[PDB]
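All remarks here apply to the structure that follows.
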RNA sequence: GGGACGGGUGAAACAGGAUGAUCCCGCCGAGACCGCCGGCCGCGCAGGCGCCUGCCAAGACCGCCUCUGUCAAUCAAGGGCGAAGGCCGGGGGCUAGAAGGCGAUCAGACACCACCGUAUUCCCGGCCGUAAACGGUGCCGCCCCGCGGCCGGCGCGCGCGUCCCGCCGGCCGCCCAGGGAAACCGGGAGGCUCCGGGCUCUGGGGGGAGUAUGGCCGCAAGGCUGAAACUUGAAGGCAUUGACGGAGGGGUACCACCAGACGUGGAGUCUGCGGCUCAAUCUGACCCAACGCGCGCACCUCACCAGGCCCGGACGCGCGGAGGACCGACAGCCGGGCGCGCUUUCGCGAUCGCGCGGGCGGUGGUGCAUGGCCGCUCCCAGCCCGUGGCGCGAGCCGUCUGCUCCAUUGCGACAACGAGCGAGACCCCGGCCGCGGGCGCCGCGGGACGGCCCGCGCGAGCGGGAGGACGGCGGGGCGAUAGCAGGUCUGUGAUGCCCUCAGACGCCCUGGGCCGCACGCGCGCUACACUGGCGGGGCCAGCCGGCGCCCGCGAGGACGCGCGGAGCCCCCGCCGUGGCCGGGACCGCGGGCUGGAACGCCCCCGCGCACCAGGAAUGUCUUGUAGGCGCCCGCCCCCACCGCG
Ligand SMILES: CC[C@H]1CN2CCc3cc(OC)c(OC)cc3[C@@H]2C[C@@H]1C[C@H]1NCCc2cc(OC)c(OC)cc21
Ligand SMILES: [Mg+2]
Ligand SMILES: [Mg+2]
Ligand SMILES: [Mg+2]
Ligand SMILES: [Mg+2]
Ligand SMILES: [Mg+2]
């Protein structure tokens, strides 16, 4: 399914922003575990967790290949010079 | 010259062609016209103005230390010009073309389309004197934010280019203020309720009516001037939201189509529906959004028809009542039958009776008085809030003239910012795996997410390929705001207002009807046969589920115990294109079941209607789908061609 409601996008974002180092760009199992983790957030369902994780993956690689709008990745370091 | 069609239309048909058409070339004649350049260019009082050459007069503007000295502005009466069409008298006669004719189209078409064609269109002389003759805005005059284009003339500066800086006049575009009902104007429609520069003309709700009667002009057609009676409560202007469009641009769906399949409409029958009938054949619903639907009519159900018992009249006031209120019965008749009623004669005892008030009940009416529940708009994707801003205001922005999505699903912008519902998310079912448990396979979890590769695309996301039980909304449920005079008072101790209320529409019994049939159609069933019918045999389902022995051909029956699954299909044979062994409607004896009671339902023998694939018309459908085959439940004393599965 190609439906991506707002909730998925906003949640996947806040999650990537608040938690990068613990993750990888193309994985789906590590990202799924990170989402399932309690500190990061809470997902009542399973299908929701899977969808959010997938969107997290696609955002993460879209970022790692190149900086992405709306993402507070903490990248001033390389440009604050 | 050459040899067969040409013309014309959406498609055709009238007219032309072996008398040589259409087609190519050349020549001849006449009369109209003045193209591409041609324009937010220009000229003219307006109407209007475009070939070469030449002639005649005229005009605004610019430049000027040239002349005069108020000679000016606007205007009834009066005068002149005045598109096209039209008229009088003469010319000329190619195009087009009122009238007229003819061919199509149409229900008709004397109209739109095709073809032929008169006046007219052209010139001279003269009448007419009207146009959305529009900038729908009178003439003269002053002030007025800013930017820009073009035309003509003049001047300034320089690095001399047809440069850039200005002046006058003219034609235009945008626009700050300001104005206005607003659209809009802004080279005023500004400087005006803070309401006075000068001159002229017109109007006073809509029709009657620019009509009648007079007058003037005109050959005429007609023009200028121009009432009343009567009638009427609105007619109009600018703008807003919806609905509609034989309007445009994007999208979408087997209740749309393409490609195909299976059908219906043809016959007989089941069932419901209108009509006809009867004593009654009780009713509701009429495009999708009524017509096997309001869950199986011998009695009840049941409302309708013909007839009969009962009060089951609560509760308060007056009266009477045990010196007897009210209620039952043997026998005999009449009555379908009953002590219903009739002829006597016995019984019981205040549980009351009569009049007045007031109840209860009713498948009685109004669904256009209502609640609730359904259907439809809607097999959609849309709907609203707070702050702020634009408008006098109804209203608008937010809520998208971009790209994607099945989807107001998302990316990216924007006088908008920030939220919510709906959508998705969610719940049930199934497919693969793990753990546990177990009379009987049933409890908890995992797993799939546009995740991986490749292309593109800023992106959202699109196309392909993999591995995987399953690959991109697998099937159902729930279902936004707003609304319909949709259906239901015949579902109810849900109901407002009317009408029934002791010879009752109350309640109970006996029969009958709802099924009656010259007729039109809606959902279905069975068949038209060899891809078949008949006989014997073998054999596998799931929602789920009860069997033995003995009689009887069978249907069924008498006993006694707890135990259990089919059609198609496959195999061997008969038939052999004949309305034949296809098809089994209709009808005639008989044996049984249900039930108080067959009109209902099964079995046996016999008889053996149409029907040879069904016209105009029309329905449904994309994987375990269509179609074919059968099996269980609902209602039900018996009964499924129905419906949910
Ligand atoms: C009801 C009269 C109309 C129908 N007819 C005959 C059938 C026909 C068939 C056509 O091709 C499909 C056709 O082309 C469009 C025209 C016709 C005529 C046309 C009649 C109507 C006519 N006037 C109104 C609209 C119209 C539009 C047309 O389209 C341009 C047209 O074609 C020339 C003719 C017409
Ligand atoms: Mg003329
Ligand atoms: Mg005028
Ligand atoms: Mg005034
Ligand atoms: Mg007035
Ligand atoms: Mg008037």
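In PDB author numbering, the protein residues as written are 2 to 82.
We treat Cβ as the ideally placed atom computed from N, Cα and C, and that holds for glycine.
**OP:** Under 8 Å Cβ to Cβ from residue 12, same chain only, skipping five residues before and after it: list those, please.
**Re:** Reading the first chain from its first residue, position 11 is the one you call residue 12. 42 and 53, listed in sequence order.
Original post:
When burial is assigned at 16 or more other CB atoms within 10 Å of the CB, is residue 4 buried or exposed?
Top reply: Counting from 1 along the first chain, the entry for residue 4 is found at position 3. Its Cβ having fewer than 16 others within 10 Å, residue 4 is exposed.
Original post:
Going by alpha carbons, who is nearest to residue 14 out of 57, 81, 80 and 62?
Top reply: One-based indexing of the first chain puts residue 14 at position 13. For the residues 57, 81, 80 and 62, the minimum Cα distance to residue 14 belongs to 57.
Subject >> Three-state secondary structure (DSSP) of residue 54 >> reply: As a working mapping, residue 54 is identified with position 53 in the first chain. Residue 54: helix per DSSP, three-state reduction.
**OP:** In angstroms with no decimal places, state the Cα-to-Cα distance between residue 69 and residue 2.
**Re:** Indexing the first chain from 1 puts residue 69 at position 68. Indexing the first chain from 1 puts residue 2 at position 1. Approximately 24 Å, taken between the alpha carbons.
Original post:
When we look at the beta-carbon of residue 76 and count the other beta-carbons within 10 Å, is it buried (16 or more) or exposed?
Top reply: Here residue 76 corresponds to residue number 75 of the first chain, with the count starting at 1. So residue 76 ends up on the exposed side.
Subject >> Candidates 81, 60 and 82: closest to residue 21 by CA position >> reply: Your numbering for residue 21 matches position 20 in the first chain. Residue 60 is the option with its Cα nearest to residue 21.
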